[PDB]
file upload_32.txt (compact mmCIF, C-alpha atoms and all ligand atoms)
# COMPACT_ATOMS: atom_id res chain seq x y z
CA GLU A 296 0.00 0.00 0.00
CA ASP A 297 1.18 3.52 -0.87
CA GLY A 298 -0.44 4.74 2.40
CA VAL A 299 2.31 7.37 2.87
CA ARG A 300 1.78 10.33 0.49
CA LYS A 301 5.21 12.03 0.03
CA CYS A 302 7.32 9.07 1.40
CA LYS A 303 10.56 10.86 2.54
CA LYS A 304 9.82 14.58 3.32
CA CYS A 305 8.32 15.41 -0.17
CA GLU A 306 10.85 14.07 -2.77
CA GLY A 307 14.59 13.09 -2.47
CA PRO A 308 15.92 15.94 -0.30
CA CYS A 309 12.65 18.07 -0.53
CA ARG A 310 10.83 21.33 -1.73
CA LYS A 311 12.67 24.48 -2.89
CA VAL A 312 11.28 27.89 -3.93
CA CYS A 313 13.00 29.70 -6.82
CA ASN A 314 12.36 33.04 -8.51
CA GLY A 315 10.92 33.36 -12.05
CA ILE A 316 12.32 34.75 -15.33
CA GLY A 317 12.63 38.55 -15.24
CA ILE A 318 12.42 38.57 -11.39
CA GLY A 319 15.10 38.27 -8.67
CA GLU A 320 18.38 36.61 -9.73
CA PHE A 321 17.13 36.39 -13.35
CA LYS A 322 16.57 40.18 -13.48
CA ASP A 323 16.62 41.64 -17.01
CA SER A 324 16.56 38.13 -18.55
CA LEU A 325 14.12 37.84 -21.48
CA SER A 326 13.83 34.03 -21.51
CA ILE A 327 15.13 30.77 -19.92
CA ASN A 328 18.36 30.52 -22.03
CA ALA A 329 21.30 28.03 -21.70
CA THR A 330 22.76 30.31 -18.98
CA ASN A 331 20.13 30.36 -16.20
CA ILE A 332 18.34 26.99 -16.77
CA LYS A 333 20.74 25.38 -14.18
CA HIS A 334 19.31 27.62 -11.39
CA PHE A 335 15.87 25.86 -11.72
CA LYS A 336 17.33 22.43 -10.67
CA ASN A 337 15.76 20.80 -7.55
CA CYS A 338 12.88 23.28 -7.45
CA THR A 339 9.25 22.45 -6.68
CA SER A 340 7.76 25.97 -6.62
CA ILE A 341 8.94 28.43 -9.27
CA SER A 342 7.05 31.55 -8.09
CA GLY A 343 6.85 34.25 -10.74
CA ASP A 344 6.61 33.94 -14.52
CA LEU A 345 8.30 31.39 -16.82
CA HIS A 346 9.37 32.44 -20.35
CA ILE A 347 10.64 30.19 -23.19
CA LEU A 348 11.09 32.48 -26.24
CA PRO A 349 13.01 31.36 -29.43
CA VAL A 350 16.11 33.19 -28.07
CA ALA A 351 16.60 30.38 -25.52
CA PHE A 352 16.94 27.63 -28.22
CA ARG A 353 18.63 29.80 -30.93
CA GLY A 354 21.09 31.51 -28.58
CA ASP A 355 21.78 35.23 -28.19
CA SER A 356 25.35 36.02 -29.29
CA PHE A 357 25.46 39.63 -27.94
CA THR A 358 24.45 38.65 -24.37
CA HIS A 359 27.21 35.90 -24.23
CA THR A 360 24.36 33.31 -24.09
CA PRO A 361 24.46 29.95 -25.88
CA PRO A 362 21.88 27.80 -27.78
CA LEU A 363 19.81 25.52 -25.53
CA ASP A 364 20.13 21.75 -25.87
CA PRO A 365 16.63 20.21 -25.80
CA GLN A 366 17.86 17.66 -23.21
CA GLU A 367 18.25 20.51 -20.64
CA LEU A 368 14.46 21.09 -20.46
CA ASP A 369 14.25 18.07 -18.12
CA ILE A 370 15.63 20.43 -15.40
CA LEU A 371 11.98 21.73 -15.00
CA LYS A 372 10.45 18.22 -14.52
CA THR A 373 10.45 19.07 -10.74
CA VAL A 374 8.27 22.21 -11.03
CA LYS A 375 4.63 21.81 -9.98
CA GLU A 376 3.58 25.40 -9.00
CA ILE A 377 3.75 28.71 -10.95
CA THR A 378 2.43 31.80 -9.11
CA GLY A 379 2.58 33.99 -12.25
CA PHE A 380 2.21 32.88 -15.88
CA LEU A 381 3.76 30.27 -18.23
CA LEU A 382 4.76 31.70 -21.62
CA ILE A 383 6.12 29.03 -24.05
CA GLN A 384 6.74 30.46 -27.54
CA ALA A 385 9.19 27.85 -28.92
CA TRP A 386 9.75 24.06 -28.45
CA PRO A 387 11.58 21.32 -30.51
CA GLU A 388 10.08 18.93 -33.17
CA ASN A 389 11.86 15.77 -31.78
CA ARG A 390 9.32 16.14 -28.84
CA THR A 391 5.55 15.91 -29.54
CA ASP A 392 4.44 17.35 -26.17
CA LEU A 393 5.49 19.71 -23.31
CA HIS A 394 7.90 17.06 -21.93
CA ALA A 395 9.52 19.32 -19.27
CA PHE A 396 6.21 20.17 -17.58
CA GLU A 397 4.96 16.56 -17.10
CA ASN A 398 4.63 17.29 -13.34
CA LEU A 399 3.20 20.89 -13.28
CA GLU A 400 -0.06 20.90 -11.28
CA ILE A 401 -0.99 24.45 -10.19
CA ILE A 402 -0.70 27.74 -12.08
CA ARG A 403 -1.97 30.67 -9.95
CA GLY A 404 -2.02 33.60 -12.38
CA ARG A 405 -1.14 36.55 -10.14
CA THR A 406 1.15 37.85 -12.97
CA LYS A 407 -0.39 37.77 -16.50
CA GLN A 408 1.09 38.08 -20.03
CA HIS A 409 -0.20 41.43 -21.39
CA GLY A 410 -2.42 41.45 -18.25
CA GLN A 411 -4.54 38.72 -19.79
CA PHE A 412 -2.80 35.29 -19.86
CA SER A 413 -1.82 32.48 -17.43
CA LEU A 414 -1.06 29.79 -20.01
CA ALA A 415 0.37 30.74 -23.40
CA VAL A 416 1.27 27.87 -25.75
CA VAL A 417 1.81 29.44 -29.17
CA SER A 418 3.62 28.40 -32.37
CA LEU A 419 4.91 24.96 -31.23
CA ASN A 420 5.78 21.98 -33.49
CA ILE A 421 4.00 19.55 -31.09
CA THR A 422 1.06 17.11 -31.59
CA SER A 423 -0.32 16.97 -27.97
CA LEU A 424 0.10 19.03 -24.72
CA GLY A 425 1.05 16.38 -22.13
CA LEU A 426 0.23 18.50 -19.07
CA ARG A 427 -1.36 15.46 -17.32
CA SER A 428 -0.72 16.90 -13.86
CA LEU A 429 -2.26 20.40 -14.25
CA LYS A 430 -5.37 20.54 -12.09
CA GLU A 431 -5.86 24.32 -11.52
CA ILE A 432 -5.24 27.42 -13.67
CA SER A 433 -6.41 29.87 -10.99
CA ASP A 434 -6.78 33.27 -12.71
CA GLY A 435 -5.38 34.25 -16.19
CA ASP A 436 -6.88 33.37 -19.58
CA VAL A 437 -5.41 30.56 -21.80
CA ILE A 438 -4.05 31.00 -25.35
CA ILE A 439 -3.16 28.01 -27.56
CA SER A 440 -2.56 29.06 -31.21
CA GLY A 441 -0.47 28.27 -34.29
CA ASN A 442 0.23 24.67 -33.39
CA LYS A 443 -0.23 23.24 -36.92
CA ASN A 444 0.03 19.50 -36.00
CA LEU A 445 -1.48 19.78 -32.43
CA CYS A 446 -4.59 17.72 -31.55
CA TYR A 447 -6.38 16.98 -28.15
CA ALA A 448 -6.16 20.62 -26.91
CA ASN A 449 -9.78 21.38 -27.93
CA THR A 450 -11.04 18.37 -25.86
CA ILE A 451 -10.05 19.73 -22.40
CA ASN A 452 -13.02 21.10 -20.44
CA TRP A 453 -11.05 24.12 -19.26
CA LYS A 454 -13.99 24.90 -16.83
CA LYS A 455 -12.57 22.16 -14.53
CA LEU A 456 -9.10 23.75 -14.34
CA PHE A 457 -10.46 27.31 -14.10
CA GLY A 458 -11.15 29.01 -10.76
CA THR A 459 -11.85 32.71 -11.39
CA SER A 460 -15.11 33.80 -13.09
CA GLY A 461 -15.11 34.40 -16.85
CA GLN A 462 -11.75 32.83 -17.72
CA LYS A 463 -11.54 33.08 -21.52
CA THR A 464 -9.87 30.28 -23.52
CA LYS A 465 -8.49 31.23 -26.98
CA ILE A 466 -7.79 27.88 -28.69
CA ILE A 467 -7.57 28.79 -32.41
CA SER A 468 -5.65 27.65 -35.55
CA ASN A 469 -4.14 24.27 -34.46
CA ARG A 470 -4.74 20.78 -36.05
CA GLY A 471 -8.49 20.81 -36.80
CA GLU A 472 -11.02 18.45 -35.18
CA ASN A 473 -11.81 17.10 -38.71
CA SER A 474 -8.31 15.59 -39.22
CA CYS A 475 -7.70 14.72 -35.55
CA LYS A 476 -10.69 12.35 -35.29
CA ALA A 477 -10.18 10.83 -38.79
CA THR A 478 -6.60 9.72 -37.89
CA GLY A 479 -7.44 8.13 -34.49
CA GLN A 480 -6.10 11.11 -32.50
CA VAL A 481 -9.23 11.38 -30.35
CA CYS A 482 -9.64 11.18 -26.53
CA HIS A 483 -9.12 7.63 -25.10
CA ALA A 484 -12.05 5.29 -24.41
CA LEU A 485 -11.02 4.92 -20.72
CA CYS A 486 -10.82 8.78 -20.57
CA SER A 487 -14.04 10.60 -19.56
CA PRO A 488 -15.56 13.09 -22.09
CA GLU A 489 -13.97 15.87 -19.92
CA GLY A 490 -10.97 16.12 -22.28
CA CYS A 491 -7.46 14.67 -22.39
CA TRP A 492 -3.83 15.85 -22.75
CA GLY A 493 -3.24 13.16 -25.43
CA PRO A 494 -4.10 9.56 -26.36
CA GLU A 495 -2.32 7.69 -23.48
CA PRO A 496 -4.64 6.74 -20.53
CA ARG A 497 -2.29 8.65 -18.16
CA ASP A 498 -2.89 11.89 -20.16
CA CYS A 499 -6.38 12.52 -18.74
CA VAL A 500 -8.51 15.20 -17.07
CA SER A 501 -10.81 12.61 -15.46
CA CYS A 502 -11.60 8.85 -15.72
CA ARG A 503 -14.89 7.55 -17.20
CA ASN A 504 -14.72 4.34 -15.18
CA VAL A 505 -12.06 4.35 -12.35
CA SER A 506 -8.38 5.32 -11.67
CA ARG A 507 -5.38 3.57 -10.06
CA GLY A 508 -2.22 5.52 -9.27
CA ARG A 509 -1.45 7.61 -12.36
CA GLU A 510 -3.75 5.88 -14.87
CA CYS A 511 -7.39 5.74 -16.02
CA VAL A 512 -8.49 2.04 -15.83
CA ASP A 513 -11.79 0.09 -16.36
CA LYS A 514 -11.48 -2.53 -13.58
CA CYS A 515 -10.89 -1.95 -9.87
CA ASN A 516 -9.69 -5.51 -8.79
CA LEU A 517 -12.53 -5.80 -6.25
CA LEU A 518 -13.63 -9.36 -6.91
CA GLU A 519 -10.32 -10.88 -8.16
CA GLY A 520 -6.60 -10.89 -9.14
CA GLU A 521 -3.68 -8.70 -7.96
CA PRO A 522 -4.12 -7.04 -4.47
CA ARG A 523 -7.90 -6.88 -3.86
CA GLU A 524 -8.93 -3.24 -4.09
CA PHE A 525 -11.95 -1.17 -3.04
CA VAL A 526 -13.42 1.87 -4.85
CA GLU A 527 -13.43 5.23 -3.04
CA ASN A 528 -14.15 8.41 -5.12
CA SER A 529 -13.09 6.74 -8.44
CA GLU A 530 -9.88 5.30 -6.88
CA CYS A 531 -8.61 1.65 -6.59
CA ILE A 532 -6.83 0.94 -3.24
CA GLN A 533 -5.80 -2.52 -2.00
CA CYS A 534 -7.20 -3.99 1.22
CA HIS A 535 -4.89 -4.74 4.18
CA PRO A 536 -2.68 -7.83 3.62
CA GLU A 537 -4.29 -9.42 6.67
CA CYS A 538 -7.64 -9.81 4.86
CA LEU A 539 -8.42 -13.24 3.26
CA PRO A 540 -9.35 -12.42 -0.34
CA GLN A 541 -12.94 -13.52 -0.70
CA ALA A 542 -14.56 -14.88 -3.86
CA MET A 543 -18.22 -13.92 -4.59
CA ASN A 544 -17.73 -10.94 -2.15
CA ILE A 545 -15.41 -7.90 -1.93
CA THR A 546 -12.40 -8.25 0.38
CA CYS A 547 -12.77 -4.89 2.25
CA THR A 548 -15.08 -1.99 3.09
CA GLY A 549 -12.09 0.38 3.59
CA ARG A 550 -8.31 0.92 3.85
CA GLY A 551 -7.34 -0.40 7.32
CA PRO A 552 -6.77 -3.82 8.83
CA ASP A 553 -9.95 -3.58 10.94
CA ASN A 554 -12.16 -2.62 7.95
CA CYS A 555 -12.23 -5.98 6.15
CA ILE A 556 -14.55 -9.07 5.80
CA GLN A 557 -12.33 -11.70 7.55
CA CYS A 558 -8.75 -11.98 8.70
CA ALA A 559 -6.45 -14.46 6.91
CA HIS A 560 -4.65 -15.24 10.21
CA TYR A 561 -5.85 -14.36 13.81
CA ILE A 562 -8.14 -11.49 15.04
CA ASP A 563 -7.12 -9.22 17.98
CA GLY A 564 -10.19 -7.12 18.79
CA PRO A 565 -11.35 -5.38 15.60
CA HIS A 566 -7.87 -5.72 14.01
CA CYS A 567 -6.65 -8.47 11.72
CA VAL A 568 -3.27 -9.69 12.98
CA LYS A 569 -0.78 -12.22 11.52
CA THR A 570 -0.22 -13.50 15.09
CA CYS A 571 -1.62 -12.70 18.55
CA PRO A 572 0.62 -10.21 20.47
CA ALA A 573 3.36 -12.21 22.24
CA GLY A 574 5.37 -9.76 24.35
CA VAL A 575 4.84 -6.33 22.80
CA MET A 576 5.52 -3.13 24.82
CA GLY A 577 1.95 -1.87 25.35
CA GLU A 578 0.84 1.81 25.36
CA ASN A 579 0.97 1.61 29.20
CA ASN A 580 4.76 0.74 29.25
CA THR A 581 4.03 -2.97 30.07
CA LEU A 582 4.39 -6.23 28.07
CA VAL A 583 1.06 -7.34 26.51
CA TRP A 584 0.59 -11.11 25.96
CA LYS A 585 -2.32 -12.89 24.21
CA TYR A 586 -3.49 -16.42 23.07
CA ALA A 587 -5.36 -17.93 20.09
CA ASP A 588 -8.91 -19.30 20.48
CA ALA A 589 -10.30 -22.22 18.43
CA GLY A 590 -11.86 -19.68 16.02
CA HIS A 591 -8.53 -17.74 15.82
CA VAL A 592 -9.64 -14.98 18.25
CA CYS A 593 -6.84 -13.23 20.19
CA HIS A 594 -7.68 -13.05 23.92
CA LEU A 595 -5.48 -11.50 26.66
CA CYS A 596 -3.58 -14.27 28.49
CA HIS A 597 -3.65 -14.70 32.33
CA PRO A 598 -1.59 -12.09 34.23
CA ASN A 599 0.29 -14.81 36.16
CA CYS A 600 1.98 -16.38 33.08
CA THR A 601 3.95 -13.28 32.17
CA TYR A 602 6.92 -14.29 29.97
CA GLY A 603 4.76 -16.69 27.93
CA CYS A 604 1.36 -18.34 27.21
CA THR A 605 -0.10 -21.45 25.54
CA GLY A 606 -3.79 -21.71 26.44
CA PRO A 607 -6.47 -19.91 28.42
CA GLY A 608 -6.06 -18.77 32.03
CA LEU A 609 -3.53 -20.24 34.49
CA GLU A 610 -2.92 -23.58 32.79
CA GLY A 611 0.38 -24.94 31.39
CA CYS A 612 3.45 -22.70 31.74
CA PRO A 613 6.72 -24.34 33.18
CA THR A 614 9.02 -25.02 30.20
CA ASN A 615 12.11 -27.32 30.33
CA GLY A 616 15.43 -25.58 29.55
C1 LIG B 701 -16.45 0.59 -18.06
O1 LIG B 701 -16.88 -0.55 -17.30
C2 LIG B 701 -17.93 -1.33 -17.91
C3 LIG B 701 -18.25 -2.45 -16.95
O2 LIG B 701 -18.98 -2.03 -15.80
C4 LIG B 701 -18.17 -1.74 -14.68
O3 LIG B 701 -17.11 -2.68 -14.45
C5 LIG B 701 -17.53 -3.99 -14.02
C6 LIG B 701 -16.29 -4.85 -13.94
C7 LIG B 701 -18.31 -3.88 -12.72
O4 LIG B 701 -17.50 -3.34 -11.67
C8 LIG B 701 -19.52 -2.98 -12.95
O5 LIG B 701 -20.25 -2.83 -11.74
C9 LIG B 701 -19.06 -1.61 -13.44
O6 LIG B 701 -20.19 -0.78 -13.72
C10 LIG B 701 -17.44 -1.85 -19.25
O7 LIG B 701 -18.50 -2.57 -19.89
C11 LIG B 701 -16.96 -0.71 -20.14
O8 LIG B 701 -16.39 -1.26 -21.32
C12 LIG B 701 -15.92 0.14 -19.42
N1 LIG B 701 -15.55 1.29 -20.23
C13 LIG B 701 -14.51 1.27 -21.07
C14 LIG B 701 -14.29 2.52 -21.87
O9 LIG B 701 -13.77 0.30 -21.16
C1 LIG B 702 18.71 17.21 -6.29
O1 LIG B 702 17.99 16.10 -5.72
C2 LIG B 702 18.65 14.83 -5.86
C3 LIG B 702 17.69 13.78 -5.32
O2 LIG B 702 16.46 13.77 -6.02
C4 LIG B 702 19.97 14.88 -5.11
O3 LIG B 702 20.66 13.64 -5.23
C5 LIG B 702 20.83 16.01 -5.66
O4 LIG B 702 22.04 16.11 -4.92
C6 LIG B 702 20.08 17.34 -5.60
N1 LIG B 702 20.87 18.40 -6.21
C7 LIG B 702 21.10 19.57 -5.61
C8 LIG B 702 21.97 20.54 -6.37
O5 LIG B 702 20.63 19.85 -4.51
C1 LIG B 703 -21.02 -9.72 1.35
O1 LIG B 703 -20.85 -9.37 2.73
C2 LIG B 703 -21.80 -8.38 3.17
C3 LIG B 703 -21.45 -8.00 4.60
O2 LIG B 703 -21.99 -8.91 5.56
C4 LIG B 703 -23.23 -8.91 3.01
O3 LIG B 703 -24.12 -7.85 3.34
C5 LIG B 703 -23.48 -9.41 1.59
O4 LIG B 703 -24.75 -10.05 1.52
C6 LIG B 703 -22.39 -10.38 1.15
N1 LIG B 703 -22.58 -10.79 -0.23
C7 LIG B 703 -22.22 -12.00 -0.69
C8 LIG B 703 -22.49 -12.26 -2.14
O5 LIG B 703 -21.68 -12.84 0.04

call {"tool": "encode", "arguments": {"input": "upload_32.txt", "output": "C-alpha cells", "more": "lines below"}}
Ligand SMILES: *[C@@H]1O[C@H](CO[C@@H]2O[C@@H](C)[C@@H](O)[C@@H](O)[C@@H]2O)[C@@H](O)[C@H](O)[C@H]1NC(C)=O
Ligand SMILES: *[C@@H]1O[C@H](CO)[C@@H](O)[C@H](O)[C@H]1NC(C)=O
Ligand SMILES: *[C@@H]1O[C@H](CO)[C@@H](O)[C@H](O)[C@H]1NC(C)=O
result
Amino acid sequence: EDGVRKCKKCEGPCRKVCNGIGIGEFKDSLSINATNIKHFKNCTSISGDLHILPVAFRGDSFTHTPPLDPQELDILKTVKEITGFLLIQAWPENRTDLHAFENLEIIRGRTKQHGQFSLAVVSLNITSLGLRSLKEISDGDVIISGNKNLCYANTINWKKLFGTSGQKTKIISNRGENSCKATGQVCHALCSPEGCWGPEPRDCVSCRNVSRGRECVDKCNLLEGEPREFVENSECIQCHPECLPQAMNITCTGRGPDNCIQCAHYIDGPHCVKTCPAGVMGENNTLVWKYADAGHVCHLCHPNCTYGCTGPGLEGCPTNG
C-alpha cells in the first residue's frame, strides 16, 4: 500500500522555492536561455513567470548566451507550482508534447502576459500538450494558437481547471477536429468526455470508469486478481494484507486492517493480525501477551503467566530448559 503520500519529506531531499524569469536573480533576462536553466534544478515551486522564447533555443550572441540543448528542459520536470504565468513560444520537433512540464499541477495567475494570460502555448511543433498533472489554472486566460500539428487541446473542459469567473480560452488555428478524429487522434475510451492531454490513458482530465495511481483504468480488482482493491471516489486501493481475499464478495469496506470481511490469520479485537501479540511493549509501558482461540480470536492471556502463554487462564506454563 502507498499509504504514505510524500514518502521521505516530499521528494529526495525536498521542496525548494525559486524566482521566475525577469524577477530576482534572473533580473533583465528575457527568456530561460542556456545560462540560467541550471538555477531551476531541484525546485518544486517556481514563483513568478516562466518564459521560453526562441532566443533560448537559438542563442543570443550579444548577451554571451548559448543555444539551448533540448535535453536541458528536463531540469523543470520538478516544477509543480507557478504563481505567475507560463509563456512558451518555442519548443523542438523531436518532442511531440510539453515534456519538461509533465509534473506541473498548479498555475496561480497573479502575474499575467499582457495582463490577460496564465497559459500561453503558441507556435509549437508539437502534436499533444502532455500537461497530465495540471489541475488548476487559478486566474489568467489561456491562449493556444499556431500549433499546426497539435490535436487533443480542444477536448479539455477548461472549466474544470479554471477558478476565477469568466476565464476566456483562446484555442484557435491548431490541427483541426476534422483531421484529428479521422486519424485516431481522439480522446481515449477509458478517458471521460472531460478532455485529455493526449491519447495515453495517463494523459487525462478525469476517468470515465475508475483510476489507479497515475492511470485511467476500467477494472478496480474488487472481486479478483492482484491485491484486492476497493473503490473510493473513483480510486482503486488494496485492502490490508491481513484480509483473506474472498470470492463472490469484496475483500474490504475500507483501507485499514480492521475494515475488512475476515482476517487471513488471527483477530485481535477489531484488528486483523498475523499472530496474537506475544510480548509487545503496550501503550501503558508494560508487556502485553495474548493467546489464540479455536476460532482464531486473540484473547489476553492470564496475568500470572507473564513471559509466555499457551492456552487460556492459568494452565500450562513451566518449560524445560
Ligand atoms: C467501463 O466498465 C464497464 C463495466 O462495468 C463496470 O465494471 C464492471 C467490472 C463492474 O464493476 C460494474 O459494476 C461496473 O459498472 C465496461 O463494460 C466498459 O467497457 C468500461 N468502459 C470502457 C471505456 O472500457
Ligand atoms: C537534487 O535532488 C537529488 C535527489 O532527487 C539529489 O541527489 C541532488 O544532490 C540534488 N541536487 C542539488 C543541487 O541539490
Ligand atoms: C457480502 O458481505 C456483506 C457484509 O456482511 C453482506 O451484506 C453481503 O450479503 C455479502 N454478499 C455475498 C455475495 O456474500

call {"tool": "atom_distance", "arguments": {"input": "upload_32.txt", "atom1": "CA of residue 345 in chain A", "atom2": "CA of residue 433 in chain A"}}
result
15.9 Å

call {"tool": "residues_near_ligand", "arguments": {"input": "upload_32.txt", "ligand": "ligand LIG 703 (chain B)", "cutoff": "8 Å", "atoms": "all atoms listed in the file", "output": "count of residues only"}}
result
4

call {"tool": "residues_near_ligand", "arguments": {"input": "upload_32.txt", "ligand": "ligand LIG 701 (chain B)", "cutoff": "12 Å", "atoms": "all atoms listed in the file", "output": "MDAnalysis selection string"}}
result
chainID A and resid 482:488 496 502:506 511:519 524:526 529 531 545

call {"tool": "residues_near_ligand", "arguments": {"input": "upload_32.txt", "ligand": "ligand LIG 702 (chain B)", "cutoff": "7 Å", "atoms": "only C-alpha atoms and all ligand atoms", "output": "ChimeraX atom specification"}}
result
/A:306-308,336-337

call {"tool": "residues_near_point", "arguments": {"input": "upload_32.txt", "point": "(-5.3, 17.7, -30.5)", "cutoff": "7 Å", "atoms": "only C-alpha atoms", "output": "list in words"}}
result
residues 422, 423, 445, 446, 447, 448, 449, 470, 475 and 480 of chain A

call {"tool": "closest_residue", "arguments": {"input": "upload_32.txt", "among": "A:397, A:510, A:578, A:296", "to": "residue 530 in chain A", "atoms": "only C-alpha atoms"}}
result
A:510

call {"tool": "decode", "arguments": {"input": "upload_32.txt", "residues": "range 311-327 of chain A", "atoms": "N, CA, C and O atoms", "output": "PDB file, in the first residue's frame"}}
result
ATOM      1  N   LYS A 311      11.883  23.265  -2.793  1.00  0.00           N
ATOM      2  CA  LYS A 311      12.673  24.483  -2.890  1.00  0.00           C
ATOM      3  C   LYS A 311      11.898  25.543  -3.679  1.00  0.00           C
ATOM      4  O   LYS A 311      11.222  25.216  -4.655  1.00  0.00           O
ATOM      5  N   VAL A 312      11.975  26.805  -3.247  1.00  0.00           N
ATOM      6  CA  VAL A 312      11.280  27.888  -3.931  1.00  0.00           C
ATOM      7  C   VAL A 312      12.277  28.759  -4.684  1.00  0.00           C
ATOM      8  O   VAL A 312      13.219  29.277  -4.086  1.00  0.00           O
ATOM      9  N   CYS A 313      12.096  28.895  -6.002  1.00  0.00           N
ATOM     10  CA  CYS A 313      12.996  29.701  -6.820  1.00  0.00           C
ATOM     11  C   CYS A 313      12.244  30.839  -7.480  1.00  0.00           C
ATOM     12  O   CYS A 313      11.042  30.745  -7.707  1.00  0.00           O
ATOM     13  N   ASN A 314      12.961  31.905  -7.830  1.00  0.00           N
ATOM     14  CA  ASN A 314      12.365  33.045  -8.510  1.00  0.00           C
ATOM     15  C   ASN A 314      12.086  32.717  -9.995  1.00  0.00           C
ATOM     16  O   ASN A 314      12.581  31.719 -10.521  1.00  0.00           O
ATOM     17  N   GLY A 315      11.262  33.536 -10.642  1.00  0.00           N
ATOM     18  CA  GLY A 315      10.918  33.357 -12.047  1.00  0.00           C
ATOM     19  C   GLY A 315      11.716  34.243 -12.986  1.00  0.00           C
ATOM     20  O   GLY A 315      12.423  35.148 -12.538  1.00  0.00           O
ATOM     21  N   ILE A 316      11.618  33.982 -14.300  1.00  0.00           N
ATOM     22  CA  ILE A 316      12.323  34.746 -15.331  1.00  0.00           C
ATOM     23  C   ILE A 316      11.900  36.215 -15.274  1.00  0.00           C
ATOM     24  O   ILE A 316      10.719  36.509 -15.115  1.00  0.00           O
ATOM     25  N   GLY A 317      12.878  37.113 -15.320  1.00  0.00           N
ATOM     26  CA  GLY A 317      12.632  38.548 -15.236  1.00  0.00           C
ATOM     27  C   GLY A 317      12.388  39.062 -13.827  1.00  0.00           C
ATOM     28  O   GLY A 317      11.961  40.206 -13.653  1.00  0.00           O
ATOM     29  N   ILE A 318      12.623  38.218 -12.802  1.00  0.00           N
ATOM     30  CA  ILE A 318      12.422  38.571 -11.393  1.00  0.00           C
ATOM     31  C   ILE A 318      13.572  37.983 -10.556  1.00  0.00           C
ATOM     32  O   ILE A 318      13.994  36.856 -10.805  1.00  0.00           O
ATOM     33  N   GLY A 319      14.052  38.734  -9.571  1.00  0.00           N
ATOM     34  CA  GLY A 319      15.101  38.275  -8.666  1.00  0.00           C
ATOM     35  C   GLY A 319      16.466  38.098  -9.297  1.00  0.00           C
ATOM     36  O   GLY A 319      16.995  39.035  -9.898  1.00  0.00           O
ATOM     37  N   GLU A 320      17.054  36.893  -9.163  1.00  0.00           N
ATOM     38  CA  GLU A 320      18.375  36.608  -9.732  1.00  0.00           C
ATOM     39  C   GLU A 320      18.386  36.611 -11.265  1.00  0.00           C
ATOM     40  O   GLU A 320      19.423  36.875 -11.870  1.00  0.00           O
ATOM     41  N   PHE A 321      17.234  36.361 -11.893  1.00  0.00           N
ATOM     42  CA  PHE A 321      17.131  36.387 -13.351  1.00  0.00           C
ATOM     43  C   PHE A 321      16.593  37.752 -13.794  1.00  0.00           C
ATOM     44  O   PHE A 321      15.772  37.820 -14.707  1.00  0.00           O
ATOM     45  N   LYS A 322      17.031  38.839 -13.132  1.00  0.00           N
ATOM     46  CA  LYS A 322      16.567  40.176 -13.482  1.00  0.00           C
ATOM     47  C   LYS A 322      17.133  40.581 -14.830  1.00  0.00           C
ATOM     48  O   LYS A 322      18.300  40.301 -15.122  1.00  0.00           O
ATOM     49  N   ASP A 323      16.284  41.203 -15.662  1.00  0.00           N
ATOM     50  CA  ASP A 323      16.616  41.644 -17.012  1.00  0.00           C
ATOM     51  C   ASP A 323      17.048  40.469 -17.906  1.00  0.00           C
ATOM     52  O   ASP A 323      17.980  40.582 -18.699  1.00  0.00           O
ATOM     53  N   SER A 324      16.362  39.330 -17.746  1.00  0.00           N
ATOM     54  CA  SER A 324      16.564  38.126 -18.546  1.00  0.00           C
ATOM     55  C   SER A 324      15.253  37.942 -19.314  1.00  0.00           C
ATOM     56  O   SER A 324      14.190  37.872 -18.697  1.00  0.00           O
ATOM     57  N   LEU A 325      15.312  37.946 -20.651  1.00  0.00           N
ATOM     58  CA  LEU A 325      14.117  37.843 -21.482  1.00  0.00           C
ATOM     59  C   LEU A 325      13.496  36.446 -21.501  1.00  0.00           C
ATOM     60  O   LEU A 325      12.273  36.320 -21.572  1.00  0.00           O
ATOM     61  N   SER A 326      14.325  35.404 -21.442  1.00  0.00           N
ATOM     62  CA  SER A 326      13.835  34.027 -21.510  1.00  0.00           C
ATOM     63  C   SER A 326      14.702  33.058 -20.674  1.00  0.00           C
ATOM     64  O   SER A 326      15.660  33.490 -20.039  1.00  0.00           O
ATOM     65  N   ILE A 327      14.347  31.762 -20.637  1.00  0.00           N
ATOM     66  CA  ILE A 327      15.126  30.765 -19.919  1.00  0.00           C
ATOM     67  C   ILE A 327      16.200  30.155 -20.865  1.00  0.00           C
ATOM     68  O   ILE A 327      16.063  29.031 -21.347  1.00  0.00           O
TER      69      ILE A 327
END
